[PDB]
> 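Input: one structure, supplied below.
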Amino acid sequence: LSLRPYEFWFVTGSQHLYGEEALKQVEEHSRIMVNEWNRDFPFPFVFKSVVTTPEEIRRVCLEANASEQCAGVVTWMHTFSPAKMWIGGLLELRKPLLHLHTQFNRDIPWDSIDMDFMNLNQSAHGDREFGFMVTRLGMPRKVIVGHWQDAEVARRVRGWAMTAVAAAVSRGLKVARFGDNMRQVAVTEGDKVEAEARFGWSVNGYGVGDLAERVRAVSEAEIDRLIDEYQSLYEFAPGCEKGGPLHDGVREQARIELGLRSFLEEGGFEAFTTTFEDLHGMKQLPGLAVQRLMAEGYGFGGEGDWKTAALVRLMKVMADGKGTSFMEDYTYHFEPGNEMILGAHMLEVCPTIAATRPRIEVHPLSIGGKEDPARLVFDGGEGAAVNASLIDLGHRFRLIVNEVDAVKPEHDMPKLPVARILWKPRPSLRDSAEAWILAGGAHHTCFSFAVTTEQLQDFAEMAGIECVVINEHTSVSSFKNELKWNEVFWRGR
Amino acid sequence: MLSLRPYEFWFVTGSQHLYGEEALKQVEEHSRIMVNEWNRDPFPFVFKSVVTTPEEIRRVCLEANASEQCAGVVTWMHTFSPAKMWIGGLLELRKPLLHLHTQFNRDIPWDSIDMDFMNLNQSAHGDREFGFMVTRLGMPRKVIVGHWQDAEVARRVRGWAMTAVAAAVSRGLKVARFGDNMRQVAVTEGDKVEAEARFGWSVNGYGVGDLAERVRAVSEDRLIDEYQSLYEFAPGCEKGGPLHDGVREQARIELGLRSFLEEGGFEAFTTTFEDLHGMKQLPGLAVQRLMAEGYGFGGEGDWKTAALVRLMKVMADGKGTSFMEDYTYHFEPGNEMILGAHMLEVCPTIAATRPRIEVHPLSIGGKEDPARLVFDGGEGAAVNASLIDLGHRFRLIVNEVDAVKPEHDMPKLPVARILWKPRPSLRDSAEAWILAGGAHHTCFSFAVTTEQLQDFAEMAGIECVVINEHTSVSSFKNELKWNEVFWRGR
Amino acid sequence: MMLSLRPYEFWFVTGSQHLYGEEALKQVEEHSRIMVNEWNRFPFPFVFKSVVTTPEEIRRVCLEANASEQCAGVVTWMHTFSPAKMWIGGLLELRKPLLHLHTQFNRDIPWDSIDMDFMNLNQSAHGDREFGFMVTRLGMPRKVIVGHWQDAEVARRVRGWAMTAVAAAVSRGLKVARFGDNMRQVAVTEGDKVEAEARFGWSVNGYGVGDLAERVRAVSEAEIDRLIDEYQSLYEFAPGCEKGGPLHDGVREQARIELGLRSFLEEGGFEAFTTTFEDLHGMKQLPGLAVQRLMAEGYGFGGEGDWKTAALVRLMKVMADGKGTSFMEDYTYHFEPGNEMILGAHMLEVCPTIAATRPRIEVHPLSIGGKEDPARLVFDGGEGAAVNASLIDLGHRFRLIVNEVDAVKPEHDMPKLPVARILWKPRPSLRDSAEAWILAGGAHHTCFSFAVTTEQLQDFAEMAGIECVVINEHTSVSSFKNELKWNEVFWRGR
Ligand SMILES: OC[C@@H](O)[C@@H](O)[C@@H](O)CO
Ligand SMILES: OC[C@@H](O)[C@@H](O)[C@@H](O)CO
Ligand SMILES: OC[C@@H](O)[C@@H](O)[C@@H](O)CO
Ligand SMILES: [Mn+2]
Ligand SMILES: [Mn+2]
Ligand SMILES: [Mn+2]
Ligand SMILES: [Mn+2]
């Protein structure tokens, strides 16, 4: 779906107390690091000034704050960089911060190491004084410690940069709701205002007839063109091929796909929701059309679930677009020793989780009482994964993350007419769900194979919301205590 | 004339067996005398027995909780009524509690008063001990002190009785939203879930296609017969070749709205002008008429004001109460006043003029020239109430205003309008209103008092701020700071 | 002279939407430009920025406000309805003092004219309210001024607030130089410099008095002569203190300190400094006339290492346009029934901008510092309304305390009092203010101003996010105690 050319500003801190020539060794050391990271992290590191004064620090932050291509700031105290200088800038920095607690040389030059070296590569105490200052200001930030060349440091920096880029998409992110929330449903509700203060989301509701007229203007020739792209991608079920009568169903989806994309592109929407209780002017419920916009980059939520729509977009950004989709727990496999969750949804499951080459099928749909819709049908993949809900507790949001394991279906489901994925939640179906329910997790989630818990925890930190994680170490007792103690901490905020 | 259930108020009298069973006979006799006399002229009072045991106390409360006719409980400690007895019942009670701290005789019978009297007529301390237990439980309740025949006691119960009835309406209240919120608008947004938990409001959004289908149905028309039975018309009248399908389209909108609202049980609704697919006209004259039946309305998807209007119309007994919006100011020194209106939907029950039907263009929403009631609003003391979501909790903001007759007419203004002089001044009240965060949409009423709205906040468990003749802006900011610290969490 | 001020400007931003055409934007734009131009005829220039209509326009002007070191405050006005969720991103970014001007181009309703087009364009009655909601919902502090934009009171209030916001923009830059540490064992002059740099923006750092001693040794004796010619330009000399007199030595020393002090503080960019009599190595006198001179030029100062008051004196002087503001200390009480007064001085350092007598250079012994007889300006303070302000550290947060007072002309001369002085009558009473002051924890060091109001100090405290308590004619000690209690619960979190 294409991102801004986001970049990370690498701001090195120092002080005049060793001279202007030591300020040159620092500028050199910093440029060598930035340039050597950029030999590759699909976002360039931009080396900015060595900063030595309150004013230089304050302005790199002011500038960071304002450049929309800056998606995070990485700050490293090369020398001692007295941290009160950093206050004024740190107060203004509202882009994500990473404190790279590193060091140019990797190993203590025994036989060399004198005071001249001790005056230059003193990161070991410089970063701690800067660390104090960021803590003393209550500022959320990521802290990674190691040599700037170590392979794990880059892993952590790479993971964090993906998160910071999501954070930047989040700032802009405009969501288009096509109809209200499903009536009397609770979890898909919330304060769009608060989500806009907290996450930057503009969560935009347009009457479904705005969408209905967009899909009528769509030429039959544009439909013909997309259909050849389906042929290029997705095997068709019987009767869906251009001859069979199911094609007016497949072509309508493709028509909806074109009315939608036209609309979402005209407004700069990167996420959107539909509602089956409001489909006036529509022939079908958006299904394969929704499935495809997801795979391209859009976030979706069913039944007006703007929260998960935004969440889906955001987790697509973190995953580099891969292995991520809106999700809904639909039934359980409770077979002792083999207990599984079956995740699916009405129509809308993104093909980027597919281990089967997706296949356009067409089936009836009781819900909404509109045309028998077309939709991609496939089995979700296998491997470690995460399932994420963002909910509104009223006074604040909570992000719930279940580390799960998706499994290859042992048997077929030929009568199941929508996309399907199986997964065994950690630490068990029993405790994951109890924990999930105590946490209040929604039924809508964003399932992903590529977003790691650490990234979502890092996103929550950046946004300043609670993130609770259900994984293999989760005990329900202590998890109850986490929810009690986190609640104490997050009031006000 | 939107009807309420026959709401009743359960008088409960508390006592104990320390004085005997003929003392109880007198406690029951006094209470029936009181309830009976109050019932010779709002809503009936029902004497509900003298309760004397935890279990009798718990019973009547459970009974109150489940009686959807019970809009409030009125409790009175005729004697000492040991208050722990009351815990398990007060814990259950979820209906408005009025603690009527009263006494049967008015005077101390000096010549006669003996220990058998002070055993029996000891509300003086029994009510204080009940006082402690309700306070000790944190419970919201009204307290009214005075003789049960005292005229002022009556005015205050009648007032509280109106708030309690509105509170019961609140617990039923179902709101239909035709379209979402107007776009990028902040104050009309909020948390429908929380508002359901705090006020009992069921706020549910129907796509306007649903309301568009129900007005593709008829009764031709009978409606227009009574339009002329009520309202002046303008050129655009009946023949009115130009503009009559304007009025026949609002009349159409009115009957499909009413059919949708009466079908689903909605006493409040909202329209948004940004979703009008299938509507030839943004609703206007239709909405003003539904409001005058008692419906709550909020423009641009404003459910909180929609609900608020409903409850204030119920508090007001249908009178002088309308969706409102500060539209423009008149800063003329010494004569500063606000022009409240809305793009169409002002309820005629605030009119001091005969309502006139006009049909004028309306750019907004890009639909046909809507028909609407145009009229000048009345004068006299009033309140202007906004209810906002601060994110963690709701805030009811109430401004006492003085509505004024307009000295100059506004002959090319196509909407109904009212002028008021807000207390204590345009400059300070607006400042307070803005510090408090009050919406542009409000409920104006001539017949809801501030005390009522405050009492509703108590029932509801929310902050109520009031801007009136005694408001300083600087102390008002303190009140906001101090309230916010009390109300967060709660 | 007077300490220099960056050219500060206030940005006038006006909000509206696209639901009305391109043409209405044109009229809103002209309306604001008219209002701004008529305003510049206010203390500092107003700059009409833009009509903002989108999220990204609101955010950019806000980013530009934070960045613009010339911008002292943003003045927002919602001409029409400006859906406030648009303003979230901008308001969350804005860190400049915000005034919300709730106003209206036209003063009166055109009764014969008014129609939907007018109701669609002059919508502030609600557009500002929708904006008031969003600002309140983010918990941001702002000023809110309501009136027609030509209103005289609207101007008086905007001038007060602008003076404040320029004091705030100085506070962010503000650099304080402590020559010496706190007077040993003193509590109220202590505090958290880190917290104060985070809250108010003040950079507060210690130099050894050695750094200043050596800077005064490098003063020419030719510039010292140039300065005495300026003392003759300005100040009456007590017997034995002009050129040739026995105690004119002492004035020269205070000339030398002044010129060294000024060179240290001009070199570093410091607008406020502190000295301590317990640390005077390398100086022949505790600085005094020098300080008095420097405060007169607009420097903040606090005795005994008191950076908090030093910063406060500089800020209030900015608020007061340099006029009638001075460091102050309650020295002694006149308790006479019906004439209760406080004599307020310091041991040397009272700024002459509060003088009612023409200041007189004098030289007297001073036990305190252990150094030579210090020269100093001596005068009787003027009379009238004034505020006495103190900023203290409660440990977890700052508290601004402001007493309204009425300065009085001395009825009886004080011939054997070697220091400048002022006499004031604290509202509502001496016994009640001192009680409320002591309960508030007021320092003995104050900043005293004839030209700073309480509403300005409150506005300053609102901008910084700190508690301000005012002691004046309406203050009763029982309700004051409750204010302190209830304020504490509010200010604990934040
Ligand atoms: O500028 C800092 C300095 O060089 C050393 O960090 C200190 O002396 C010891 O921390
Ligand atoms: O005569 C009843 C009487 O009310 C009680 O026994 C006590 O005074 C309450 O302490
Ligand atoms: O909410 C303000 C008012 O109701 C309307 O939004 C304006 O007239 C048109 O935006
Ligand atoms: Mn669903
Ligand atoms: Mn409106
Ligand atoms: Mn909320
Ligand atoms: Mn002192």
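One-based numbering, in listed order, for ligands and for the atoms of each. All chains are named by letter (A, B, ...) in the order of the sequence lines, taking the proteins before the strands, and each is independently numbered beginning at 1. Just the heavy atoms: all of them, side chains too, but no hydrogens, waters or symmetry mates, feed the values below.
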> Using ring pair (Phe, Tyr, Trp, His ring centres under 6.0 Å), reason through A/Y330 and A/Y332 one step at a time and then give a plain yes or no.
CA-CA 7 Å; A/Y330 224 105; A/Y332 290 139; over 10 Å; no
> Within the distance-only criterion (no hydrogens, no angle test), does the side chain of A/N387 pair as donor or acceptor with the backbone N or O of A/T445 below 3.5 angstrom?
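Looks like no, no N/O pair under 3.5 Å.
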> Determine, for B/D389 against B/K304, whether the closest basic-nitrogen to carboxylate-oxygen distance falls under 4.0 angstrom.
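No.
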> What verdict does the salt bridge (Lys or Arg N to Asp or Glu O under 4.0 Å) test give for C/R137 and A/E194, after you've listed the backbone C-alpha separation in whole Å, the side-chain angles of each residue and the deciding distance to 0.1 Å?
CA-CA 9 Å; C/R137 163 79 195 248; A/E194 190 64 22; 2.6 Å; yes
> Protein heavy-atom contact under 4.0 Å for atom 2 (C) of ligand 2?
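Under 4.0 Å from atom 2 (C) of ligand 2, at least one protein heavy atom found.
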> Provide the number and element of each atom of ligand 2 under 4.0 Å from a heavy atom of B/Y19.
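So the atoms of ligand 2 that pass are 1 (O), 2 (C), 3 (C), 4 (O), 5 (C), 6 (O).
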> Can you tell whether the side chains of B/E196 and B/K192 come within less than 4.0 Å, N to carboxylate O?
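The answer is no: the pair does not qualify as a salt bridge.
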> Distance check below 2.8 Å: does B/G391 bring an N, O or S atom to the Mn ion (ligand 6)?
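Within the cut-off used here (under 2.8 Å), B/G391 does place an N, O or S atom near the Mn ion (ligand 6).
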> For the atom pair CZ (B/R183) and CG (A/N204), what is the distance rounded to the nearest 0.5 Å?
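One gets 4.5 Å once the value is rounded to the nearest 0.5 Å.
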> Does the distance from a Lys or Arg side-chain N to an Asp or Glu carboxylate O, for A/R375 and A/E348, drop under 4.0 Å?
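Salt bridge absent between A/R375 and A/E348.
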> Do any of the N/O/S atoms of A/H345, backbone or side chain, fall under 2.8 Å from the Mn ion (ligand 4)?
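Yes, within the cut-off.
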> Which of the numbered atoms in ligand 2 are under 4.0 angstrom from any heavy atom belonging to B/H125?
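Those of ligand 2 that fall under 4.0 Å from B/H125 are 3 (C), 4 (O).
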> Is atom 10 (O) of ligand 2 close to the protein, meaning a heavy atom under 4.0 Å from it?
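There is no protein heavy atom less than 4.0 Å from atom 10 (O) of ligand 2.
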> If you count the atoms of ligand 2 from 1 in the order shown, which ones are under 4.0 Å from a heavy atom of B/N119?
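Selected atoms, number and element: 1 (O).
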> So does A/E303 have any N/O/S atom less than 2.8 Å away from the Mn ion (ligand 4)?
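So A/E303 does bind the Mn ion (ligand 4) by this criterion.
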> Angle at the Mn ion (ligand 4): provide the value between NE2 of A/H444 and OE1 of A/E328, rounding to 10 degrees.
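An angle of 90° at the metal.
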